[PDB]
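Colleague: Shown below is the structure under consideration.
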Amino acid sequence: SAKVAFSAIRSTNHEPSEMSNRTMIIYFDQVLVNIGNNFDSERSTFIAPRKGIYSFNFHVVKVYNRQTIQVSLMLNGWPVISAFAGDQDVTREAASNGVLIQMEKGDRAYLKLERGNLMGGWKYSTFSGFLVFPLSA
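Taken in order, the sequence shown gives residues 59 to 193, 201 to 202; the numbers are from the entry's author numbering.
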């Protein structure tokens, strides 16, 4: 179908899991939207069901931050857009960015922590995206 959208948030303060620490893939436990079930909640990865233009937005919140972090949106292991939050001191900072990208069927989109750490949790972090249109209006 031409109705594809997902939305996930971090509803908890909990520290990252062993696997998350190893893969560095930012996990989102609460999924508000998942039309088409194209977002793999277990892997926190979006798999494009068809060719089209997709929109992604993310806001990774570290309310209890220490040391700077880099969050990147990954497309098949390659970084598209990146964002930075924080000074080596303690603060509350958000890593936000957004982009429109073309995806093929089976293409994988996810967030990876290229730099820094998630100690203190990443509560209030959001990750959403949708199909703008498949591949004039």
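Even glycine gets a Cβ: it sits at the ideal position worked out from N, Cα and C.
1. I think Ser140 touches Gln125, with their Cβ atoms under 8 Å apart; what is that distance to the nearest whole Å?
2. Expressed to the nearest angstrom, what Euclidean distance is found between the alpha-carbon atoms of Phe114 and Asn95?
3. Would you decide whether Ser75 is buried or exposed? Buried here means 16 or more other CB atoms lie within 10 Å of its CB.
4. If distances are taken between C-alpha atoms only, which option among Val121, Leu158, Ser69 and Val138 comes closest to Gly144?
5. For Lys181, which of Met161, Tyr85, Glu172 and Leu169 has the nearest alpha-carbon?
6. On the DSSP bridge assignment, give the partners of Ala152 in chain order.
7. Are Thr70 and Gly179 close, meaning C-beta to C-beta below 8 Å?
8. Nearest by alpha-carbon distance to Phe142: which of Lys163, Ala167, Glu162 and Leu176 is it?
9. By the 10 Å Cβ neighbour count, where 16 or more other Cβ atoms means buried, how is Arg68 classified, buried or exposed?
10. So which of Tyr168, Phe116 and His117 has the shortest CA-CA distance to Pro137?
11. Output needed for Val148: all residues of its chain with C-beta closer than 6 Å, excluding positions within five of it in sequence on either side, in chain order.
12. For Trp136, list the residues DSSP reports as bridge partners.
Modeller: Reading it off the structure:
1. Here residue 140 refers to the residue found at position 82 when the sequence shown is read from its first residue. Here residue 125 refers to the residue found at position 67 when the sequence shown is read from its first residue. Not confirmed; about 16 Å, so no contact.
2. Mapped onto the sequence shown, residue 114 falls at position 56. Mapped onto the sequence shown, residue 95 falls at position 37. Spanning the two alpha carbons is a distance of roughly 16 Å.
3. Translated into the one-based positions of the sequence shown, residue 75 becomes position 17. Burial call: exposed.
4. Here residue 144 refers to the residue found at position 86 of the sequence shown. With distances taken between Cα atoms, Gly144 lies closest to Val121.
5. As a first step, residue 181 is located in the sequence shown; it is residue number 123 there, counting from the start. Comparing Cα-Cα distances from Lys181 to each of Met161, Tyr85, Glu172 and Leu169, the minimum goes to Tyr85.
6. On the sequence shown, position 94 is the one that residue 152 refers to. DSSP, once it has assigned bridges, lists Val119 as partnering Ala152.
7. Along the sequence shown, one-based indexing puts residue 70 at 12. Along the sequence shown, one-based indexing puts residue 179 at 121. Against a cut-off of 8 Å, the Cβ pair of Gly179 and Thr70 comes out as a contact.
8. Start at 1 with the first residue of the sequence shown, and residue 142 comes out as number 84. For the residues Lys163, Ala167, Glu162 and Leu176, the minimum Cα distance to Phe142 belongs to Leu176.
9. Start at 1 with the first residue of the sequence shown, and residue 68 comes out as number 10. Counting Cβ neighbours within 10 Å, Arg68 comes out buried, since at least 16 surround it.
10. Walking along the sequence shown from the start, residue 137 turns up at place 79. Ranking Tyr168, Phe116 and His117 by Cα distance to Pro137 puts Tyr168 first.
11. Within the sequence shown, numbered from 1, the residue matching residue 148 stands at position 90. Excluding sequence neighbours, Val148 sits near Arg124.
12. Numbered from its first residue, the sequence shown carries residue 136 at position 78. Partner(s): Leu133.
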